[PDB]
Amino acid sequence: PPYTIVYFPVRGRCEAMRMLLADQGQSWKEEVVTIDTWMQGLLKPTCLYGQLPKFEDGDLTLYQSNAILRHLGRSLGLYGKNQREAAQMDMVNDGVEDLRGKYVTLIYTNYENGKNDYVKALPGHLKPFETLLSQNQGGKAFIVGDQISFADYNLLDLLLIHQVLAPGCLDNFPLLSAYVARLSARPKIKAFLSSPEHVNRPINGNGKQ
């Protein structure tokens, strides 16, 4: 520590880690970069891969949302109890990112004539996560263990942004519906979810959702 997130005023990718850092009682500092600020062309050239978020934790400066999500998982110990769980979780996040990536192209590239297509295909993508749950205490626990992990925050987020995009999507997946109901009811998360910092934040930075 201390924790500082650097990124455009949007939930985008950072909302997951914000939820993790909050669930785990940590306090971080937000450092907004508006598109206007970004266009100045001074900060971007410092960014390792020319993008954001840029996360700092003490003398350690990271990049890549997932690299960050995993570092938080190793540090706050939300990355499993054995090399086996670490695999299951990683197999889950890698899947989440895969889907989210599509969600990004849809919203920032072909939203108008793309949404109908993606909304129909969506179901096939959520089924695995439902299956994963069926195969663990009957979806009464978490995505991988009996404990929360970096992967759980990420999945909870993706499902939350998909409740905006394709309303009712999880109706046919009774476990994922439970999953979201519980995780969101977690005291610290519910606190965050009603937070003005989060409620006054555009899911994506172009006005489409």
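So that there is no doubt, residue numbering starts at 1 and follows the sequence shown.
Averaged over CA atoms, B-factors in the entry run higher in 145 to 153 than in the other of 145 to 153 and 159 to 167. In this crystal structure, the stretch out of 95 to 103 and 78 to 86 whose C-alpha atoms carry the higher mean B factor is 78 to 86. Note on the listed residues 22, 185, 193, 10: the highest Cα temperature factor in the record is that of 185. Across 48, 67, 39, 32, the greatest Cα temperature factor reported in the deposited entry is at 39. Residue 172: CA B factor in the highest third of modelled residues in this chain (values from the PDB entry). Remark: residue 204 belongs to the lowest third of its chain, ranked by C-alpha B-factor as recorded.
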